[PDB]
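Just one chain is shown here, as structure tokens, and it is the form solved without ligand BLA.
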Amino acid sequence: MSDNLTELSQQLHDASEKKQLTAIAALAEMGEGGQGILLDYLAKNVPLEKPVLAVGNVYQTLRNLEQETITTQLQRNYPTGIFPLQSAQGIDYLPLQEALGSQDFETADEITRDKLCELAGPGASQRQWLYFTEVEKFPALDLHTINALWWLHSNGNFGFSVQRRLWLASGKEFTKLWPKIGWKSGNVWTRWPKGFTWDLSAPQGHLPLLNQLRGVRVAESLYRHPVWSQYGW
């Protein structure tokens, strides 16, 4: 047992950020010894000064074991998660992190729409859509925090940064991007969203949702926002 653990541990620490995930999955299933190695790795790499996907996968893989002991220990040691919940405008992202850590993407998606409205300010509360002019004025730090959380808790498959990359690969053509991320034309709402896939079986880039009731302008403004380049997304 010790041989594999040592090998797995060495992979987790030193292999390329491509083979780390493989070792994390195996360690999780190596009982207390493997989970212990995962826990020590977190302790040595948290809090994060930059989003590091392996750290998010280590934390989330441990949460996904759904063991009271492990979850409780993680709550005690990382009460606000593994990424500083920074805001430039007094926004509280703890409930968003908590929903993501519990893998409740539907609630995380609702909280995220509520936070973008909170950021937009006055007369956006409870609104089911943003205006592109509100998006252009969002602070970069908050969008970085929101995106980092989505990304770190979805093995890098969810997040506006992911949508933006697919958008760039689509030649910036929304008609090609939408089928790629699973947002069917005409599946738009005025009161509540329906027909989406609020779990990881969804396509890469599927969440967070951007209502297309008003067309592509808000998404374009968001993907063109300076935060992505600014923070290396």
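Residues that one form lacks are left out of the comparison. Note that residue numbering follows the sequence shown and begins at 1. Only the largest set of C-alpha atoms that superpose within 1.5 Å between the two forms is called the rigid core.
Just so you know, the form deposited with ligand BLA bound exists too; it's not on screen, but the next bit is about it.
Visitor: Place ligand BLA, as positioned in the deposited bound form, onto this chain through superposition of its site C-alphas, and say whether the site is open or blocked according to the 2.4 Å backbone and C-beta criterion (3 or more atoms for blocked).
Guide: If you fit ligand BLA onto this chain using the C-alphas around its site, the pocket comes out blocked.
Visitor: Using a 4.5 Å heavy atom cut-off, which stretch among 40 to 48, 202 to 210, 164 to 172, 53 to 61 contacts ligand BLA in the deposited bound form?
Guide: So the stretch in question is 202 to 210.
Visitor: Using heavy atoms only and a 4.5 Å cut-off, decide whether all three of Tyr78, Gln86 and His153 touch ligand BLA in the deposited bound form.
Guide: No, none of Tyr78, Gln86 and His153 comes within 4.5 Å of ligand BLA in the deposited bound form.
Visitor: Find out whether any non-hydrogen atom of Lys115 is located within 4.5 angstroms of ligand BLA in the deposited bound form, and reply yes or no.
Guide: Contact check for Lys115: no, nothing within 4.5 Å of ligand BLA in the deposited bound form.
Visitor: Under a 4.5 Å heavy atom criterion, is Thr190 part of the interface with ligand BLA in the deposited bound form?
Guide: Yes, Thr190 sits close enough to ligand BLA in the deposited bound form that at least one of its heavy atoms falls within 4.5 Å.
Visitor: Against ligand BLA in the deposited bound form, would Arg214 count as a contact residue? Criterion: heavy atoms within 4.5 Å.
Guide: Although ligand BLA is absent here, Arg214 would touch it in the deposited bound form, with heavy atoms inside 4.5 Å.
Visitor: Fit the core first: which of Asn187, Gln60, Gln67, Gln204 then shifts its CA by 2 Å or more between the shown form and the other one?
Guide: If I go through the list carefully, the shifting residue is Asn187.
Visitor: Taking the rigid core as the reference frame, is the Cα of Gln126 displaced by 2 Å or more between the shown form and the other one?
Guide: Comparing the forms between the shown form and the other one, which are aligned on their rigid core, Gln126 does shift its C-alpha by 2 Å or more.
Visitor: Since the CA distance of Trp178 and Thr190 differs by 3 Å or more in the deposited bound form, is it closer or farther than in the form displayed?
Guide: Closer in the deposited bound form, by 3 Å or more.
Visitor: Kindly indicate if, in the deposited bound form, the C-alpha atoms of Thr190 and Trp183 are closer or farther apart than in the structure shown, bearing in mind the change is 3 Å or more.
Guide: Between the C-alphas of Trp183 and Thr190, the gap narrows in the deposited bound form (3 Å or more compared with this form).
Visitor: After fitting on the rigid core, list every run of 3 or more consecutive residues where each C-alpha shifts 2 Å or more between the shown form and the other one, in sequence order.
Guide: When the rigid core is held fixed, residues 1 to 3, 125 to 129, 185 to 194 are the runs that shift.
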